[PDB]
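I have placed the structure first, in the form of structure tokens, so that the comments after it can refer back to it.
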Amino acid sequence: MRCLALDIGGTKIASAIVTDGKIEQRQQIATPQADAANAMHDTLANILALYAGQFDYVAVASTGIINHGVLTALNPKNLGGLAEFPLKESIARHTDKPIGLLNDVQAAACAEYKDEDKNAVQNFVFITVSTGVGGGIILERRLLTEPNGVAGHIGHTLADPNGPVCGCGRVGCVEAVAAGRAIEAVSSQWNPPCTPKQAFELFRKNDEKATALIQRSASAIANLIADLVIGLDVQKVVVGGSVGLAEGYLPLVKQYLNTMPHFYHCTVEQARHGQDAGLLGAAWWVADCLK
Amino acid sequence: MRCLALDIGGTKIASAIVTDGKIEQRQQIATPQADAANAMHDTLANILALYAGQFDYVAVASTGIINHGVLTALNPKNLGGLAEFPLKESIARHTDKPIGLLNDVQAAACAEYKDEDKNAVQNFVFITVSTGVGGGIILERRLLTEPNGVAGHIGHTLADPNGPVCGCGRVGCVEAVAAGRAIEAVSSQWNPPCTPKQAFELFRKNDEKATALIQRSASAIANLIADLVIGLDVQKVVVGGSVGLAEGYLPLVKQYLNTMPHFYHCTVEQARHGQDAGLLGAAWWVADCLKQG
Ligand SMILES: Nc1ncnc2c1ncn2[C@@H]1O[C@H](COP(=O)(O)OP(=O)(O)NP(=O)(O)O)[C@@H](O)[C@H]1O
Ligand SMILES: Nc1ncnc2c1ncn2[C@@H]1O[C@H](COP(=O)(O)OP(=O)(O)NP(=O)(O)O)[C@@H](O)[C@H]1O
Ligand SMILES: [Ca+2]
Ligand SMILES: [Ca+2]
């Protein structure tokens with residue numbers, strides 16, 4: 001089985017042929033910005049032309065949310081002119097092969113799951129801690145996507161009812177205390193201002209104020225993991241993203257989790273398949289669906 | 001298809017034959033307490049004898065957690081001498097029909113799900129707010145039970161990192177803020193003391209302090225529901241239990257939910273299938289499993 005894999009980001013669109021889990025014929029173009037909706041139809045037509053005849057099926061990872069083949073988001077304004085873009089339908093204009101679509105964090109989850117021991121790990125969660133917090137959830141070896149592609153938005157679960165307000169209005173979500181954006185909202189008000197990377201450097205040098213800020217984030221992620229373990233019987237959590245992978249961060253997450261009662265514990269590890277995670281994860285998931 | 005359905009509670013064991021969702025041949029006995037483990041083996045022998053020949057399969061609802069056919073609990077204290085009791089193996093000594101096991105809140109979830117429109121509702125959560133807070137979760141029309149029977153323990157998810165400590169050790173759980181026990185922990189300290197039922201009566205008369213206590217619980221349940229909607233794409237939540245069904249309670253829950261952004265909203269209704277929920281839910285679920293493999 002040969003997969004035409006597409007990874008549609010906010011800035012770049014990567015395409016490739018994936019066969020036996022191997023990438024070949026990479027290609028990267030800019031995500032349409034001018035007249036984006038009209039342009040995207042052209043871009044997709046051109047990609048499907050370039051690889052014509054070379055694929056048995058198409059797998060699309062995209063930022064945002066895939067709702068019944070349509071590209072959307074919690075705030076569809078963050079997509080600009082691609083809000084509500086009919087993604088599956090436009091691809092289907094140019095091919096009769098089956099097309100699967102999922103979002104980018106879901107695809108990254110599948111990239112980190114595909115090489116797990118699936119006898120031993122059937123309930124699995126990928127959390128990216130980056131500019132924001134996103135997730136992908138796999139239960140009984142299957143990724144959650146139904147009915148509307150929302151499952152996995154665990155960055156919008158509650159971290160503290162007295163915490164900061166999150167982007168779209170919920171008071172106290174994980175995103176507003178744990179994400180890189182939430183770290184910077186505090187560190188940029190320091191005299192003088194610091195970025196999250198600078199706050200981390202100070203944390204690793206035992207700066208107590210920087211440490212408190214990084215702990216605020218790590219503690220929120222630890223409590224989210226505990227919620228997933230006790231709520232869903234999750235067995236393993238893989239953490240990625242530039243904050244999630246920062247030196248010292250995951251060890252702090254695990255220290256907070258370990259001081260909870262042992263039945264909140266699970267395997268917690270850093271992401272190790274970030275390279276081409278969207279492409280490889282989408283190809284694996286769509287092939288798995290085909291069974 | 002004929003189901004021998006058992007509902008093993010803290011104090012009573014109910015049994016019955018369930019055929020096409022109809023109950024017949026009820027028996028109800030006391031849950032063994034003296035020499036519980038030894039006695040339970042006898043009780044199960046006796047029940048399977050009484051019903052011998054009358055069932056194609058066995059469905060068991062039990063309090064606590066079913067881990068690979070064994071009765072356990074987050075803290076095995078509240079199981080007494082039935083802690084780690086080999087429930088499936090013990091029943092299998094007396095029958096070769098198939099035996100399915102699930103916990104009591106999971107069974108109540110299935111009782112409330114079985115008459116939903118399965119086309120329109122595939123992700124469904126049942127929450128019982130009573131002495132404690134329990135849940136049962138159904139995703140893509142299937143109850144979550146693997147691998148170790150823990151799925152659905154949403155009373156132990158976080159409500160407030162500065163809230164009270166939960167019974168089994170976690171700081172700030174939903175249960176320690178929302179359950180009947182948590183309400184009474186505060187209202188028993190009033191001068192003079194009140195039970196939760198009395199606190200609710202005062203809340204309905206607009207006592208601001210009692211109202212504050214009830215809102216603490218309702219807001220915590222509303223935030224849990226919001227977590228389930230955004231985290232799991234849950235479409236419908238059904239709320240039961242003596243606190244959950246108390247007059248005024250669910251409207252308050254829904255009022256808190258409705259002030260959040262629209263994408264946290266879902267259908268929220270009161271439980272309506274509480275009667276024989278254990279028996280009927282277990283019977284339906286085990287049949288559903290058998291149909292699908
Ligand atoms: N080495 C680093 N250590 C800690 N935080 C970092 C580091 N690098 C970047 N960040 C922060 O992590 C967040 C995203 O970083 P970055 O990866 O550079 O942006 P991006 O990749 O374009 N967006 P995203 O898809 O979320 O990763 C921001 O809050 C950064 O300040
Ligand atoms: N009408 C009521 N309104 C509000 N709270 C109530 C009411 N009745 C009982 N409660 C409280 O809810 C909890 C359980 O009440 P009750 O149902 O009588 O015991 P139970 O049957 O053992 N419940 P449970 O074991 O949790 O399924 C206790 O906290 C009660 O104080
Ligand atoms: Ca929000
Ligand atoms: Ca606990």
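Just so you know, these numbers use all the heavy atoms, side chains as well, and skip hydrogens, waters and symmetry mates. Chain A is the first sequence line, chain B the second, and so forth, proteins listed ahead of strands; every chain is numbered from 1. Order of appearance sets the numbers: ligands from 1, and atoms from 1 within every ligand.
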Which residue and atom name correspond to the protein heavy atom nearest [atom], and how close is it?
atom: atom 27 (O) of ligand 2; result: B:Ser130 OG, 3.7 Å
atom: atom 7 (C) of ligand 2; result: B:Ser242 CB, 4.1 Å
atom: atom 25 (O) of ligand 2; result: B:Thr131 OG1, 4.3 Å

Which atoms of ligand 2 are found less than 4.0 Å from any heavy atom of [X]?
X: B:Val243; value: 5 (N), 12 (O)
X: B:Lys197; value: 1 (N)
X: B:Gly180; value: 29 (O)
X: B:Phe200; value: 4 (C)

Between B:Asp7 and B:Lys12 (salt bridge meaning N to carboxylate O under 4.0 Å), is one present in this structure?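 No salt bridge links B:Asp7 with B:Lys12.
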Consider ligand 2: state whether an atom of it lies below 4.0 angstrom from any non-hydrogen atom of B:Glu184.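 It does not, in that no heavy atom of B:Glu184 comes within the 4.0 Å cut-off of ligand 2.
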Does B:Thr195 reach ligand 2, in the sense of a heavy atom lying below 4.0 Å from it?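 Contact check B:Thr195 vs ligand 2: negative.
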Under 3.5 Å, is there a donor on one side chain and an acceptor on the other for B:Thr31 and B:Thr11?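 No - no donor-acceptor pair under 3.5 Å links their side chains.
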Is [atom] near the protein, in the sense that some protein heavy atom lies at less than 4.0 Å from it?
atom: atom 23 (N) of ligand 2; value: yes
atom: atom 15 (O) of ligand 2; value: yes
atom: atom 12 (O) of ligand 2; value: yes

Hey, does [Y] have a side-chain heavy atom less than 4.5 Å from the side chain of [X]?
X: B:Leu143; Y: B:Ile137; value: no
X: B:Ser187; Y: B:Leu213; value: yes
X: B:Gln235; Y: B:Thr267; value: no

Contact list for residues 224-243 of chain B, test salt bridge (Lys or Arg N to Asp or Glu O under 4.0 Å), sequence neighbours left out: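 Listed by first then second residue: A:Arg170-B:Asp227, B:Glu116-B:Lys236, B:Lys236-B:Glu269.
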If you apply the rule salt bridge (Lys or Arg N to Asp or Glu O under 4.0 Å), what do you find for B:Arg272 with B:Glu112, and how did you get there? CA-CA 7 Å; B:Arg272 289 174 225 288; B:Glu112 305 282 343; over 6 Å; no
Check this for me: B:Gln27, atom CD, are more than 12 non-hydrogen atoms of other residues, nucleotides or ligands nearer than 6.0 Å?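 Yes, enclosed.
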